[PDB]
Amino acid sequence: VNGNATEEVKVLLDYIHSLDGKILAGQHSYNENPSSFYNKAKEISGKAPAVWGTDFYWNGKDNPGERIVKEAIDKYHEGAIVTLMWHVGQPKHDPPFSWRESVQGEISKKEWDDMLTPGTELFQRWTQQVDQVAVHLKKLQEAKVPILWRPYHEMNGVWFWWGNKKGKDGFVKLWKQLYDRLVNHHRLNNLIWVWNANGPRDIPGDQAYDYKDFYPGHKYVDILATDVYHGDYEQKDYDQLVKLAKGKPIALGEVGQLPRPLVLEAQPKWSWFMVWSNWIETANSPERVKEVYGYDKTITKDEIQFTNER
């Protein structure tokens, strides 16, 4: 969607568009030890994941960005595909951001509106929090690393402060404001924009609403993704996301229980999956990890081949 996209983004997006039934194996790690569960997945399966993921979440004393960037460049240099997300507290707060009180804290309609209104204190504070991540994305651009960038994820859920914000002044306006700041202000051209929702559900106190109610338009999204835990690979949910994506790639942005081959045969459009940290052990038997990593359509790091290198 970025006319100024770098060559590594165009190469990676062409590769993802070419998967046509194949799926990249991926693994997320907490940024405190940003490859610890990537390495565990390799120990369990015998193969390194194709996709390496971590998170800019500033939950501890120190800004994690430098540590993340150093390992992302190393993993890219090792041949992995890099994905990054960003748990973050509210503009009204400072890091480290409390999980319960900030990331999942309440936000008023006025505070939300102010964060989307240039000139207010909350908009100014929001720009500063964005810039604390942008500086690291810019270092990754200088290293020529393309990023599967998944900001403000699970936005159809009710649990995050940015969640369940409907209407033209809701989530889609936050997405576009972040897009403008990163692409136009910071001239970040190495990002692939992954709009990463949650599987919908109508559970009291724990709802996640329809995908389309939070989609900012094709102009602002490269890839659509969803998070599927408990093995809940519903065919109808897959059909809903494929319909919204209208030819854009889709992916399993987070999973716990891995998708079995039968699920992947029925749902071939998933372009990657990313297991959430130690769910690689707690939600999957070693046999299941090996079954999925060994499936003929699953691509691990050693198997990535860009068509221009053949």
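All residue numbers are counted from 1 along the displayed sequence.
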Problem set entry | Comparing 105-113 with 208-216, the one whose average Cα B-factor in the PDB entry is higher | 105-113
Problem set entry | Stretch with the higher entry mean CA B-factor, where the candidates are 186-194 and 148-156 | 186-194
Exercise. Whose C-alpha has the highest temperature factor in the PDB entry: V135, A225, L178, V228?
Worked result: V135
Exercise. According to the PDB entry, is the CA B factor of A80 in the bottom, middle or top third of its chain, that is, lowest, middle or highest?
Worked result: middle
For this session: Quick one: classify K40 as lowest, middle or highest third of the chain based on its Cα B-factor.
Result: middle
Problem set entry | Where the record places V221 (Cα B-factor, split into thirds across the chain) | lowest
Exercise. By the record's CA B-factor, is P91 among the lowest, middle or highest third of residues in the chain?
Worked result: middle
Problem set entry | Chain third (lowest, middle, highest) by recorded CA B-factor, residue given as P200 | middle
